[PDB]
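All values below come from the heavy atoms of this structure, side chains included, with hydrogens, waters and symmetry mates left out. The chains referred to below are lettered A, B, ... by the order of the sequence lines, with proteins before strands, and numbering in each begins at 1.
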Amino acid sequence: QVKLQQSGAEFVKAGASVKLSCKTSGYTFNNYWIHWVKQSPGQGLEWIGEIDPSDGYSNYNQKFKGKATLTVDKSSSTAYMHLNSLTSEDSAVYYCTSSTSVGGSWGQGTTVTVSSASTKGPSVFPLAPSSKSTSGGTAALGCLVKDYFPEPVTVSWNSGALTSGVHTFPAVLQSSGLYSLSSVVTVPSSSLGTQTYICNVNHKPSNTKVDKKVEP
Amino acid sequence: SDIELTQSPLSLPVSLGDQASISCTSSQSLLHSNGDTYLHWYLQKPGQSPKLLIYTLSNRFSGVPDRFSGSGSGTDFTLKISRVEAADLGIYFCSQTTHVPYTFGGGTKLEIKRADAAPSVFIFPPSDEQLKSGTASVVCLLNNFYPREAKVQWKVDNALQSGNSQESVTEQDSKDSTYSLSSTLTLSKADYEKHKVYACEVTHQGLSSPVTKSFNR
């Protein structure tokens, strides 16, 4: 089987184009073909097309013909897919794959995010523990990490000391085009006021770093 | 037009060690003119690409354990796991490459079954900090519940809210096999300040009745 190394995440405006690449590598005398596959929340997995790396013969899903163009650089053994006229429905993970008679391998995937949003660091709001957040000795508290772009943000508790019982929820995309998530932790009720709980937020794209204390 | 591959079930709760079977039905025959049936099975683990398990109906891919096998017809197929291990949890996909365009099933989630666990429900009012920014987010947290299916409804002065909340769910916990869920209701501050009672009503299989957590401002 052929080893596949895909290019990095792309962030583009609607109407833009992107070129994705896939370095291939292997000691194999198996005849193989290269494929590209889309994975989106809206449509699941979809095959885009195939290309024979020995001669560049290509065959497409009619849905993607004109949207995608597949090529191979035989000197570098690199496969390329150019996607044009991008819209939000093109936001997805794109894989490059190999097939032989005895199976196939998939690249890591390249995320393409099509959006008009600019880079923006999050606001960080406490989710304060109270009587409404306590369940018989057990209290819940958290941080709301709101209105950032692009993904990801990282959240730790107590500068990484506190990992037990932490849930950092997947981010949601808001109708604004910005992301939001919450990170919560359950703790001993008795600890509140005594122990400090600080959520450490880092949004690398905007270089936004915030440590927020959460208390009643 | 394109060949439709339908998987059953959608969600398959199992216990470690159990036998598991997933089916795939194709809207066309996948028997090729060369006599092979190009129906393949993949496992996608969280945050990874799909990985090939079974190819061309029943051939086990290099490196795949013997507990996986595939069988079937020209239109009806089954993937079997003789004894489920923790490494096997994830989303299983079938795929056909007999006919262009190649197509995929919608996926089957293999998860861990456990006894019913009702959620612990917690409600968080918006922070003063956020109210100063012009926005109000109220958060409802459903902690450590099973099964995953749950209904969360927001009531603001007894008015059902529709379209202004978003939900996010964790992956199944490695230790206790439960899920947690956040429901976030977002209002403009103007809207938020006109109302008194904020309530999340939670319905779940593990609860005798719906539970309501609320606060009054």
Side-chain angles (χ1 to χ4, degrees), chain A residues 1-10 18-28 30-40 43-61 63-65 67-74 76-83 90 92-112, chain B residues 2-3 5 30 36 38-45 47-57 59-64 90-107:
Chain A
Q1 248 48 52
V2 184
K3 194 210 72 140
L4 305 170
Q5 163 170 335
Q6 290 188 242
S7 54
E10 301 266 10
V18 69
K19 180 156 56 178
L20 309 188
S21 68
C22 167
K23 299 186 196 165
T24 77
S25 180
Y27 295 94
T28 190
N30 290 338
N31 288 339
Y32 69 104
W33 287 59
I34 296 294
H35 312 261
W36 294 79
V37 174
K38 186 178 180 183
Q39 187 166 41
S40 69
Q43 230 64 232
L45 289 163
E46 296 178 282
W47 173 84
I48 296 173
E50 65 193 1
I51 189 168
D52 180 339
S54 70
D55 65 8
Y57 172 89
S58 66
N59 178 45
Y60 297 85
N61 186 334
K63 173 169 181 175
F64 294 94
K65 204 147 152 64
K67 185 89 204 173
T69 299
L70 308 193
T71 58
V72 291
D73 180 331
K74 295 163 40 163
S76 69
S77 67
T78 302
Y80 293 89
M81 178 170 69
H82 186 264
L83 301 175
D90 302 313
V93 178
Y94 293 88
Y95 309 94
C96 171
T97 83
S98 73
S99 72
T100 67
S101 301
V102 299
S105 45
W106 285 47
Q108 309 96 333
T110 300
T111 303
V112 173
Chain B
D2 299 355
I3 288 150
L5 295 181
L30 308 184
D36 284 310
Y38 294 104
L39 184 286
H40 323 296
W41 291 95
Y42 296 88
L43 171 57
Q44 187 171 32
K45 310 281 278 155
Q48 301 189 44
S49 71
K51 296 174 189 193
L52 186 63
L53 299 169
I54 300 293
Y55 72 93
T56 310
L57 183 55
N59 302 275
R60 190 174 295 113
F61 184 53
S62 170
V64 170
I91 309 302
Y92 286 84
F93 295 100
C94 54
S95 144
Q96 72 82 22
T97 64
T98 301
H99 300 292
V100 168
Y102 313 146
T103 54
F104 292 85

Report task. Kindly determine whether B:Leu53 and B:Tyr92 satisfy side-chain contact (heavy atoms from CB on, under 4.5 Å), including the steps that lead there. Result -> CA-CA 10 Å; B:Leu53 299 169; B:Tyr92 286 84; 3.5 Å; yes
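- The distance from the NE2 atom of B:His40 to the CG atom of B:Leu52 is 7.5 Å, given to the nearest 0.5 Å.
- Rounding to the nearest 0.5 Å gives a distance of 9.5 Å between CD of A:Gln5 and OG of A:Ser7.
- With sequence neighbours excluded, no residue forms a ring-ring contact (aromatic ring centres under 6.0 Å, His included) with B:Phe93.
- Formation of a donor-acceptor pair under 3.5 Å by the A:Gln108 side chain with backbone atoms of A:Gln6 is found in this model.
- Every residue two or more places apart in sequence or in another chain that forms a side-chain contact (heavy atoms from CB on, under 4.5 Å) with A:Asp90 is listed here: A:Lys38, A:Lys67, A:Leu86, A:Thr87, A:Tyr94, A:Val114.
- Contact between A:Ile34 and A:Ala79 at its shortest, heavy atoms only, is CG2-CB, 3.9 Å.
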Query raised in the report: Please walk me through it: do B:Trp41 and B:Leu43 pass side-chain contact (heavy atoms from CB on, under 4.5 Å)?
Result: CA-CA 7 Å; B:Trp41 291 95; B:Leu43 171 57; over 6 Å; no
Query raised in the report: Passes side-chain contact (heavy atoms from CB on, under 4.5 Å), A:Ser99 versus A:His35? Steps please.
Result: CA-CA 8 Å; A:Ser99 72; A:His35 312 261; 2.8 Å; yes
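- Shown here for B:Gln48 and B:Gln44, the closest heavy-atom pair between the two residues is O-NE2, 2.9 Å.
- Although no hydrogens or angles enter the test, the distance criterion places no donor-acceptor pair under 3.5 Å between the side chain of B:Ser49 and the main chain of A:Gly109.
- Of the possible polar contacts, one joining the A:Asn61 side chain to the A:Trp47 backbone as a donor-acceptor pair under 3.5 Å is found.
- Side chain of A:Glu10 to main chain of A:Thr110: no donor-acceptor pair is present (N/O by atom type, distance under 3.5 Å, no hydrogens or angles).
- Contact between A:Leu4 and A:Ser98 at its shortest, heavy atoms only, is CD1-N, 3.6 Å.
- For B:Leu30 against B:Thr98, the heavy-atom pair with the smallest separation is O-OG1, 2.8 Å.
- Annotation: the span from A:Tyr80 atom OH to A:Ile51 atom CD1 amounts to 12.0 Å, rounded to 0.5 Å.
- A distance of 6.5 Å separates CG in A:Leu83 from CD1 in A:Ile48, rounded to the nearest 0.5 Å.
- In this structure, A:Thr28 contributes its side chain and A:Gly26 its backbone to no donor-acceptor pair below 3.5 Å.
- Looking at residues two or more places apart in sequence or on another chain, you find a ring-ring contact (aromatic ring centres under 6.0 Å, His included) between B:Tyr42 and A:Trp106.
- When the shell of 6.0 Å around CG of A:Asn31 is examined, it contains 12 or fewer heavy atoms from other residues, nucleotides or ligands.
- Across all their heavy atoms, B:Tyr38 and B:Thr56 have their closest contact at CD2-OG1, 3.5 Å.
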Query raised in the report: What's the verdict on side chain to side chain donor-acceptor pair (under 3.5 Å) for B:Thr103 and B:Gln96, showing C-alpha distance, side-chain angles and the deciding distance?
Result: CA-CA 6 Å; B:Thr103 54; B:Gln96 72 82 22; 3.3 Å; yes
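- Note: A:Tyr57 and A:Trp33 have perpendicular aromatic rings, judged against thresholds of 30 and 60 degrees for the angle between ring planes.
- At most 12 heavy atoms of other shown residues, nucleotides or ligands fall within 6.0 angstrom of atom NZ in A:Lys19.
- Taking SG of B:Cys94 as the reference point, atom CD1 of B:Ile54 lies at 13.0 Å (rounded to 0.5 Å).
- The backbone N or O of A:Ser77 sits less than 3.5 Å from a side-chain atom of A:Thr24, completing a donor-acceptor pair.
- With contacts defined as side-chain heavy-atom distances shorter than 4.5 Å, the pair A:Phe64/B:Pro101 does not qualify.
- The two residues B:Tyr55 and A:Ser101 have their closest heavy-atom pair at CE1-O, 3.2 Å.
- The distance from atom CE of A:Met81 to atom SG of A:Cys22, rounded to the nearest 0.5 Å, is 9.5 Å.
- Side chains of A:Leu70 and A:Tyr60 form a contact here, defined as non-hydrogen atoms less than 4.5 Å apart.
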